[PDB]
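What the coordinates show
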Amino acid sequence: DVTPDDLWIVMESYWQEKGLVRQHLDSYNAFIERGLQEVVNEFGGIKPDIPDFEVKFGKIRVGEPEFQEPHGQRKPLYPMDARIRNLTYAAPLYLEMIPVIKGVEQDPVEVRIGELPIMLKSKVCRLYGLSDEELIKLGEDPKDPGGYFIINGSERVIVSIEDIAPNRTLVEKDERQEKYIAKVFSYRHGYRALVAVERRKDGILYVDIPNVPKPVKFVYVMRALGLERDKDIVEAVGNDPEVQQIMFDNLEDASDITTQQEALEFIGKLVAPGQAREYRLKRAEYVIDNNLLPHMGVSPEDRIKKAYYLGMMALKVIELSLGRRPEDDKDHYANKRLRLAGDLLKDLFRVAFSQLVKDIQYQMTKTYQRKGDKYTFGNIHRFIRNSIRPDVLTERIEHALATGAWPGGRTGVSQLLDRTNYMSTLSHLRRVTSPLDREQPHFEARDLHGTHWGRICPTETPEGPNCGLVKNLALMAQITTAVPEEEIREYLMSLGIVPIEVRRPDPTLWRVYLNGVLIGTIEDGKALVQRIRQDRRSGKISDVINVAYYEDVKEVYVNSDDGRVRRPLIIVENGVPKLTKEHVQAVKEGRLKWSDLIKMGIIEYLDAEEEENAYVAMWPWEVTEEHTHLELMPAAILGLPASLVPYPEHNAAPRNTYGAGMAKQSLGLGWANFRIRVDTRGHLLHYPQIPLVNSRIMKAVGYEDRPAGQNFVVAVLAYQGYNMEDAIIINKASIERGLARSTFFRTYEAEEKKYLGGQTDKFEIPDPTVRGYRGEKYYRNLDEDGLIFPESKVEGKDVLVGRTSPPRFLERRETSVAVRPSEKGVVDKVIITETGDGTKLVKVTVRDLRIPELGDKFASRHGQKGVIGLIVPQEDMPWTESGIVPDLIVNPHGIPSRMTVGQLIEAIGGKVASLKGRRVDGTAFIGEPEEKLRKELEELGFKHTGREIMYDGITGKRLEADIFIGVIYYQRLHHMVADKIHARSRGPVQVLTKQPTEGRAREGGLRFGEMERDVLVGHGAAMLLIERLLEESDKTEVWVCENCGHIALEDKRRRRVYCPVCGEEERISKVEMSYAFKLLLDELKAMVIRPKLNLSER
Amino acid sequence: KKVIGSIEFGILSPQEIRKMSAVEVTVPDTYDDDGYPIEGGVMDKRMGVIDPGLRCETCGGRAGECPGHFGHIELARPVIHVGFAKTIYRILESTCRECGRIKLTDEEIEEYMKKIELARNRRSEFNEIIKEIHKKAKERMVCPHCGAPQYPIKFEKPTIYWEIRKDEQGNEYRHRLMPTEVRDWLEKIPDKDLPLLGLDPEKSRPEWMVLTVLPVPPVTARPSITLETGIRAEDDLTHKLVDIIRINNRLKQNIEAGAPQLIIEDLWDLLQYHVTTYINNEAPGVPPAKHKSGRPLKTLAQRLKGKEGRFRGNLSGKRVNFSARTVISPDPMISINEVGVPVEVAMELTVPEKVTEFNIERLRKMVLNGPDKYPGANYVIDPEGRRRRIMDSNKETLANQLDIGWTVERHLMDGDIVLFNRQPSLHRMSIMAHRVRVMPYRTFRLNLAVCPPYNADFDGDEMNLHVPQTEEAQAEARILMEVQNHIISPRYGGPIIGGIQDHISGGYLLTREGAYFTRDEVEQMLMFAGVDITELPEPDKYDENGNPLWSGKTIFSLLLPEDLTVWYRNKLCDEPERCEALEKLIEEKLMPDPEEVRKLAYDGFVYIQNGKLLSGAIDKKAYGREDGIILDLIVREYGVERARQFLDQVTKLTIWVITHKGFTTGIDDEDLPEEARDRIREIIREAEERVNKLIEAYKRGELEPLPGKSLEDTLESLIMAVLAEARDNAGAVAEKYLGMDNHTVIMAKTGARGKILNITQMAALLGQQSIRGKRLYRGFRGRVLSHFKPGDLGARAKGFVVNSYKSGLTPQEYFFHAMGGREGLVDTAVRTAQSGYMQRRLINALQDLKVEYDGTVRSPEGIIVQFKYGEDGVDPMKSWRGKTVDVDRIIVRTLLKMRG
DNA sequence: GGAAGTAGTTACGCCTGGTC
DNA sequence: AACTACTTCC
RNA sequence: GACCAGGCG
Ligand SMILES: [Mg+2]
Ligand SMILES: [Zn+2]
Ligand SMILES: [Zn+2]
Ligand SMILES: [Zn+2]
């Protein structure tokens, strides 16, 4: 048979042909190729208030990425210049207009309707299809995978959203009123409708419509949708005798009250309360056509199909009532479809295009009315061109991408791309999020599902509120892109399916559902499914098609939608997998590609629905005749940061989660482009190293070309109690030789802002006569131009861009840019450039050398976080009989409570790899077994247990016990103690509350919250509570009139204190209270409440 | 100077608002084009000034010094206060329409007045009585005092009062009650009728609820900041006031000019909506007032309520000066009551020290050093209150002019008292006072024994450091909050500050059987621990080379009180017969011959006699997070300084032992022989066969349900019981075979770190995984993964992991373990949120309860909650593990003291 | 007594950046 | 959302 | 200044 080492070649070919960001690129390419034109086709031509004029819409075209200079013209624009000059990497969008004058169409005019931002490495970007040298010449890292946008100079990545499958009805139990609830999320043109039917405890059927304030009896809706005959309704809902009786009982009390014509009026009463009968009818039919089952259509011709779909939903809820079917799981991945960059862009562009269409209509009507018809019909091209106003669409789209607040309630869709290292960027580009609120305890939604196998990483998920709700894709996951539904419908109908109009469903007849909607009926549904999959394997049917059946309820589901997470499997027939040794050799020699293997029907893509019908084997030697598929590589079920962990199955799951999460925070050469890149913060490990024990997936992906971490010599012993409690002891000599050394980059930005009236600011060294002038020492490194020379040492509070702004005090004010108060470094790079509007812009990059010290956080790939508790000289470190000195010491007390046997196995493997001169394979399930590693260590001349005889450095005698020592790949995280230490004696305060400001960046004060107040009270410390909460935040003195209790007024001009409310001058005394309480008294004296104060003598 | 004795809350009268105001605002504008405030606008200088360079017209003070002053807006037509809407509705439907009386009988009036005078102390009884009066008045149709129909009043969401009258014969109409007629109705209410409605005759008036004059909050209460772009960013209150002024001006114009009543009513409703959203934007049933951007505005109600509101965000808890935060790192070489402070923080934070007779020289030296050198000062304050920053060309003069009575803000130095806090702050030990010890590097240092109170674990933890500034606060901290105290937890009356992992493991390596140490090791460990000693005790053994050797028990006894005597069984007791023999020997006379005890010495029975350890090994029972017998006795019988000294010495000693003796954990720590592996394999095989038999019996209907649950639940419970028992048996085999010489076993049996479950999961099967107490079921239909046949209920197919961590997990078992870990990690956050909310509720309910000088516990109004705290008068912190007094311990201690 | 409505809460800090 | 508790129509 | 997102214990 085929070894798993031979299936590894096929998996590597899969990752070679298709990158790691193929979901974003595929979705965006589909959006550009067809999505924009689809949206424009939904948006019919603009019809203004003109007697005989209206414009049709032609073909959407997107040009090359170009930028319109403020005083020049459209130069070509490349992503580096877009992300350096704080531009948006967009392209002109052109739309043809067909003017219809009195029913006839003239020649088209092409007008630019706005700019569309371009995702990097897509089919329209300038980086597409460029060799490594060409990308390098453009100042780009060839390792960068694209898939993100550049908006106003910042890199924005759109995170996929794990929504519920549209147009699919799910049944479940309310468990409160004993009412069975079946809801569907019908989608049409970006609008979702929550249509639900309800069987209450009384046995009557109710339907909920989002815009109908109250539920309506189901038979009323069924008759309003064109079903005049009662018997027709009973037949359409179901033919089973029990269901027939239920529908008869539900319909008798409906027909005795509301007939066909009465139902629309009854709905209208609730929809449009009042006496306007025609308006009630109009509103009822509007909410029927638009707000009930919009996916079926909005025309009255689609009302009948709405009735059939509602009858099917009612039949499902009845079957749930009878218990013939189980509850529909909402976490089952057959019921969830991802929303990608393509569809989210489609919806956002739809909203922006609606705004532009309405604006152009307004402009056309206004211009026509306010200059008549002299040139509107004399030259229609100028009339159309001047009415365009294209900035609306581009501003809307760019604002949505930059802020992340999508149209509707969606928020956080677009997030700032993480560029800490390779792993963080790729994992962010492979991330999935859930729309549920993170505060609530979604126990069923935060847990791992069996359908996540091969689709979602089981171990990589953040800790805290987002646990389980933020997911990352497995390495084998593939997300579909929709195929045209009409061709699929036609092919399925040709296969033998007869539409429900001709043949009605029966218990002995299979119900076929395409894309979640019922299409027809067939006998022997298993034969139909077999024919479908045989056709797909033969190649005549596209890859995206997936089909499954259910013997329990006799239903065949056909899926061809977009956003389905799938995994590849090897087709097994009659106990023999389709993949053979010659296929593997052809793949290895480059004669065969992954797409070829998919097209020949050797490897199959299955989502959860089709996988339900599968019986998958995990190893080639486990295949029997009953198996339907074989696992290509079980180690690919993990995510990318989770695949960084070696021997992950020898660790506890929480520690694997910790390691996967901490792999995205390590320091290393994340991108070779870092030197010329302008970014707010960045790190650079000076000597990155390949993990000696590493998975083959890490080499296949490309992590080896951008490593983040180093291999340390680690001894597991307790040393002077300074590695106690997860602390770490490190070697001073190793640090001084370059171990874990790094540099921190910060890029300050200063813009020469152009205010109104020509009042500009100036880059210059300000004279001391300007207002807000800092010390003359702070401008020491500045040049006469106003910019700091590069490679000049800069410490805290020193300025980099001397700048003065026009006066606005009630001489020129100063607004120069200086380094942050707690940050030092050397000026690595000073660039000067021009903004989008044309003002001068300067970026200054400061690099600070961060040698490891006490408090810096270190982590291993197995989840063992820790900070440096001590830095010990080499002569104080213990040494081995072989001359090996540890670079790091970890307390043994952290091993057993955490149960990370994988770390010990990795230490053994690292020692063996170093001794052999060959790196050790640490793949998830096919890596080198621990027994082989121990035997090899024994044969190399060392103890098989990994324990070695060690000597104490301080006293010189050998330790009593044999010390476990090895090589473990430790990574330095960006949580440095220099970036976290903060101390505030006294500084700025907020204007509103006079309390200290918030934040390390603005000399903030630490919040002494109410929990600490209760802690202080429980100690009995009353004066300490006064000192901490009154003297040190907002202590003030107020004048109170003893006669009235209001706040007295002190006239500094007249040198008098009095109460305006009563005019008292003798009964006035000071009180001492926090300024926040005086503000509270002010807000209480607002909204008309009198807080009279009574004073006591003390 | 005065202090606030009480606060009386009332409703401001229109005359009060008119007199208290400094301006009447008419212009709905903020600033002019040049940048100066518009006279008559919301930012008029007669309401205070916030922009630097301006001057106040009411105070004459500059920005930040003028407190702020109120203004009023004379509303053209009165509006209804949203806060008092339901109160106005209740009063309207409980009082007469024409005369205004409460519509209650005079006998009922006098009886309810008498019942109001009584039962006023508690709010609940008064509220219930008010509801009863409201119901009785609401039901009534005719006013008893004057014959008049009382049409019922309907109330929709805010400020919509709608009473229903019979317009025609048999036809009724609802008439909307405008604020004018509502207010007039309220003025007609007499003063003798207010108490039965709950209103105060003087501090409140029902008519004042309908507000005709709106106070404008001062400028300082709604500041506006100028953005770096040059544009002005106003507050939400400023915008809402501008809109209110604009609409009020429109209404006044339409009223004086003359308009159709419908337009006037529409403008009136617009003004009412503006005022209602100004007072409470999230009031029920009102469209929130949205900002131009699209977000809703934050108004007075949002200013007050909420976690980010005024009360919780700026009154109960607020940001403070003289605080610091950085990562914490371990430091076993500082005392338990000390903290290592970085030089940067010590130089930044200062302690105000008034110069006196004795500290004049030191303050002169530190003024000479200045803000640069660490033992220096930052500021010098003369007695007049004028402060001067120390700098070059100032140090010599300020040092010369130090005199006496001046204030010098000096740097932190050794011995200073500070507050140290890791702030998830659950109990009162989350903040304790530590003595400052200045350290070179930039991280906080903490002794290991003080970790359990803070729950700190040196994995990136950060702790806040607060420096008390007044001498009263410093004394309070140093007397009540120091780390020497709080060794015993108030929760359970047991030691919370004790050895954690390395102290326990090193103590076991020290005191265990056969553990001996050389002369150099003994001297070095005694010097390292800080134990004072000038002569070593006589050695216990002699090496084969004649070298003297000391037992670990002698070294441990060198740091015990010479009077201490106690015996107990620790966790290392595996053969109870030896412990019973030792107890039988002790019980005969209570002073057994030391050599006789040494003959029967056992590691599982600790027996200290006159401060000499004669049997037993140091365990978690000696000192630990809970049940530290020796530490508890030392802290209860010898004081709290002796406990601190013993804790420091024993921690350093055990650390030295574990460091220089070698303590490691390797792969071999999870190894089992072939016999143990075979026994475990047979255990799992028999468990799987039993589960198969149960499944087959359930499939044939052979099994019958257990009481209280169905057949399916019976089968599930039986399967889980079998699997748990199999895991227990495999763990028992592993425990039997691994032995006590394994370091992983050593730290688990001694309680230093890890349980038996960890060793079982690491050296034997992992056991059954479960979510919410059930077997793994979430996945496909009839199965969990698609690698198992649907409908399978077997052990492996439902989450029973048959592999150890050492043996490596199969992919199915890996996914099952991932599910278990996920359920645990999900549980943690939900539990912490629920616990935090419950703790907040408990604290807000029990905050003020305290013990009076007579021994009782009383509520703030004087209500006695407990006539004796804890029903016996003993503080749980001072109690003996919840007991009033340890009678047997006292008896044995006294008998040994006298008869000894 | 329902049977809906309505309102009120849902741990504590801290850090970073980005846009208004 | 998911809990409670009132309130309040029935 | 408040909003969002991501992290840390
Ligand atoms: Mg921690
Ligand atoms: Zn007064
Ligand atoms: Zn003033
Ligand atoms: Zn009356």
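Under the heading Catalytic activity (unreviewed entry), UniProt records this for chain B: "RNA(n) + a ribonucleoside 5'-triphosphate = RNA(n+1) + diphosphate". Of the comments in the UniProt record for chain B, the one headed Subcellular location (unreviewed entry) reads "Cytoplasm".

Per the PDB entry, chain A is named DNA-directed RNA polymerase subunit beta, and its organism is Pyrococcus furiosus DSM 3638. Comment text from UniProt for chain A, heading Subcellular location (unreviewed entry), reads "Cytoplasm". We quote the UniProt Subunit (unreviewed entry) comment for chain A here in full: "Part of the RNA polymerase complex."

Moving on to the overall build of chain A. On a plain count of helices and strands, chain A comes out with 28 helices and 57 strands. Across its three principal axes, chain A shows a C-alpha extent of roughly 100 × 95 × 70 Å. Put simply, chain A has 1098 residues, and 61% of those count as buried. Summing over all exposed atoms, chain A offers an accessible surface of approximately 43,200 Å²; the carbon and sulfur share of this is 49%. Computed over 158 positive and 168 negative side-chain charges, the inter-centroid distance for chain A is 4 Å.

A count of helices and strands for chain B gives 28 helices and 33 strands. For a compact globule of 900 residues, the expected C-alpha radius of gyration is about 29 Å, and chain B comes in at 39 Å, more than 25% above that figure. Each principal axis of the C-alpha distribution contributes one length, and for chain B these read about 120 × 100 × 65 Å. Relative to its 900 residues, chain B shows a buried fraction of 52%. By sequence separation, contacts in chain B at least 24 residues apart represent 65% of the contacts at least 6 residues apart.

Bringing the state of the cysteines into the picture now. Residues and elements named next belong to chain A. Throughout the structure, instances matching the rule amount to zero disulfides over all chains. Of the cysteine sulfurs around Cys457, a residue in no disulfide, the closest is that of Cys467, at 12 Å. For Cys457, a relative accessible area of 1% corresponds to the buried category.

Let us look at the coordination of the zinc ion (ligand 2). Six octahedral donors around a metal ideally sit at 90 or 180 degrees from one another, while four tetrahedral donors ideally sit at 109.5 degrees. Residue and element names in this part refer to chain A. Here the zinc ion (ligand 2) is held by the protein donor atoms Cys1041 (SG), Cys1044 (SG), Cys1059 (SG) and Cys1062 (SG), which lie 2.3 Å from it. Geometry at the zinc ion (ligand 2) is tetrahedral, judged from its four donor atoms and the angles of 94 to 116° they form at the metal. Each donor residue of the zinc ion (ligand 2) lies on the same chain, and together they follow the pattern C-x2-C-x14-C-x2-C. A residue pair is termed long-range when its members are at least 10 positions apart, and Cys1044 in the loop between β53 (1035-1041) and β54 (1049-1051) and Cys1062 in the loop between β55 (1056-1058) and β56 (1068-1074) qualify at 18 residues. A residue is classified by how much of its surface remains accessible, and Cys1062, at 31% relative accessible area, is partly exposed.

Moving on: the UniProt feature "binding site: Zn(2+)" (unreviewed entry) in chain A. Residue and element names in this part refer to chain A. Within this structure's numbering, the places UniProt gives as "binding site: Zn(2+)" (unreviewed entry) are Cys1041, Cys1044, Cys1059 and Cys1062. The greatest C-alpha distance among the residues just named is 8.7 Å, despite their covering 22 residues of sequence, which places them together in space. Of the residues examined, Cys1044 reaches a relative accessible area of 16% and is grouped as buried. Residues contacting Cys1044, with those up to four places away along its chain left out, are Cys1059, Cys1062 and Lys1092. Relative to the elements of secondary structure, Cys1059 occurs in the loop between β55 and β56. Not counting residues up to four positions away in its chain, the partners in contact with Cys1059 are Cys1041, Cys1044, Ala1048, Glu1064 and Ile1068.

Residue and element names in this part refer to chain B. Viewed as axis vectors pointing N to C, helix α17 (residues 519-529) and helix α22 (residues 641-661) meet at an angle of 140°, and their least axial separation amounts to 8 Å. By the angle class used here, α17 and α22 are oblique. Our pair here, α17 against α22, has a crossing hand that is right-handed. Of the residues in α22, those in contact with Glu521, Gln524, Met525, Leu526, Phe528 and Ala529 of α17 are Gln649, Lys652, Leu653, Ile655, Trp656, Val657 and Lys661.

Once that is clear, we can look at the UniProt feature "binding site: Zn(2+) 2" (unreviewed entry) in chain B. Residues and elements named next belong to chain B. With numbering aligned to this structure, UniProt lists the feature "binding site: Zn(2+) 2" (unreviewed entry) at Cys96, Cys99, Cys143 and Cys146. Spanning 51 residues, the annotated positions come together in the fold, the maximum distance between their C-alpha atoms being 8.9 Å. Tracing the sequence through the fold places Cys96 in the loop between α2 (85-92) and α3 (106-117). With a relative accessible area of 0%, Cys96 lands in the buried category. With sequence-adjacent residues up to four places away left out, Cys96 is seen in contact with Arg101, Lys103, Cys143, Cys146, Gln150 and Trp185. Structurally, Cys99 is set in the loop between α2 and α3. The exposure class of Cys99 is partly exposed, given its relative accessible area of 24%.

Bringing the coordination of the zinc ion (ligand 4) into the picture now. All names here are of chain B. Every protein donor of the zinc ion (ligand 4) is listed here as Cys96 (SG), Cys99 (SG), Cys143 (SG) and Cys146 (SG), and their distances to the metal cover 2.3 Å. Around the zinc ion (ligand 4) sit four donor atoms, and with donor-metal-donor angles ranging over 103 to 113° the site reads as tetrahedral. Taken in chain order, the donor set of the zinc ion (ligand 4) reads C-x2-C-x43-C-x2-C.

Here the focus is the environment of A:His332. With respect to the helices and strands, A:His332 occurs in the loop between α10 (303-322) and β15 (336-339). Separated by 113 residues in the primary sequence, A:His332 and A:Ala445 have C-alpha atoms spaced 9.9 Å apart. Setting aside chain neighbours within four positions, we find A:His332 in contact with A:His449, A:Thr451, A:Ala608, A:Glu612, B:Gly779 and B:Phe780. There is a polar contact of 2.9 Å between the side chain of A:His332 and the backbone nitrogen of A:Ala334.

Now for helix α9 (residues 277-289) of chain A. Residue and element names in this part refer to chain A. The first and last C-alpha atoms of α9 sit 18 Å apart over 13 residues, in line with the 18 Å expected at 1.5 Å per residue. Those residues of α9 lying buried are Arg280, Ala284, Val287, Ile288 and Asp289. Against α8 (260-271) and α10 lie the buried residues of α9.

You can see A:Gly412 is positioned in the loop between α13 (391-403) and β16 (414-416). When the C-alpha atoms of A:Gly412 and A:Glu625 are compared, they prove to be 49 Å apart, with 213 residues separating the residues in sequence.

Time to look at a nonpolar patch on the surface. Residue and element names in this part refer to chain B. A contiguous nonpolar surface patch, about 430 Å² in accessible area, is contributed by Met838, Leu842, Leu846, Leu849 and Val865. Ranked by residues supplied to the nonpolar patch, first place goes to helix α27 (residues 811-846) with three residues. The residue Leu842 is located in helix α27 in this model. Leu842 gets classed as partly exposed once you look at its relative accessible area, which sits at 43%.

Residue and element names in this part refer to chain A. Together, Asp174, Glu175, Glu178 and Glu327 make up a negatively charged patch on the protein surface. By secondary structure assignment, the location of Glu327 is in the loop between α10 and β15. Using a relative accessible area of 46% as the deciding quantity, one classes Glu327 as partly exposed.

So, on to the nonpolar core. Within the largest apolar cluster, 172 residues are counted, with the highest numbers of intra-cluster contacts made by A:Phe349, A:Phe353 and A:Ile384. By residue number, the principal contributor to this core is helix α11 (residues 341-371) of chain A, which donates 12 residues. A:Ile384 has contacts with A:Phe53, A:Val55, A:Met97, A:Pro99, A:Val109, A:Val111 and A:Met364, leaving out every residue within four places of it along the chain. B:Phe444, B:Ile504, B:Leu526 and B:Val635 belong to the second largest nonpolar core, which has 90 residues in total.

What follows deals with the packing of aromatic side chains. Residues and elements named next belong to chain A. Going through the model one piece at a time under the given rule, you end up with 30 aromatic pairs over all chains. When the ring of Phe57 is compared with that of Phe353, the centres are 5.6 Å apart and the planes differ by 70°; the resulting orientation is edge-to-face. Here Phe353 lies in helix α11 and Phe57 lies in strand β1 (residues 53-62), a separation of 296 residues in the sequence. Like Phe353, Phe57 is buried. Positioned above the aromatic ring of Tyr755, the side-chain terminus of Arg808 is 5.2 Å from the ring centre.

Cut-offs used in this document
- Residues numbered from 1 in each chain as written, not as in the entry; some residues may be left out.
- Chains lettered and ligands numbered in written order.
- Part of a larger assembly, values for the part shown.
- Heavy atoms only, no water.
- UniProt positions renumbered as here; feature names shortened; annotations may be inferred.
- Helix = DSSP H or I, 4+ residues; strand = E, 2+ residues; numbered from the N terminus.
- Buried < 20%, exposed > 50% of the residue type's maximum accessible area, 1.4 Å probe, protein only.
- Areas by Shrake-Rupley, 256 points an atom, 1.4 Å probe, with all protein chains shown as cover.
- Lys, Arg positive; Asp, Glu negative; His and termini not counted.
- Charge placed at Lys NZ, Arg CZ, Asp CG, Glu CD.
- Rg over C-alpha atoms; globule rule 2.2 N^0.38 Å.
- Contact = heavy atoms within 4.5 Å.
- Disulfide = S-S within 2.5 Å.
- Donors = N, O, S within 2.8 Å, 3.2 Å for Na, K, Ca; no water.
- Tetrahedral: all angles 85-135°; square planar, octahedral: opposite > 155°, others 65-115°.
- Axes fitted to C-alpha atoms, helices over the stretch in contact; angles between N-to-C directions.
- Parallel < 35°, antiparallel > 145°, perpendicular 65-115°, else oblique.
- Left-handed = near helix turned anticlockwise from the far one by under 90°.
- Polar contact = N/O pair within 3.5 Å; in protein donor to acceptor, adjacent residues only side chain to side chain.
- Expected span 1.5 Å × (residues − 1).
- Patch = residues over 30% accessible without salt bridge, like charges linked within 9 Å, V, L, I, M, F, W, Y side chains within 5 Å.
- Salt bridge = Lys/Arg side-chain N within 4 Å of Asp/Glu carboxyl O.
- Core = buried A, V, L, I, M, F, W, Y, C linked by side-chain atoms within 4.5 Å.
- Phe/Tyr/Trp six-rings, centres within 6.5 Å; stacked < 30°, edge-to-face > 60°.
- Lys NZ or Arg CZ within 6 Å of the ring centre and 35° of its normal.

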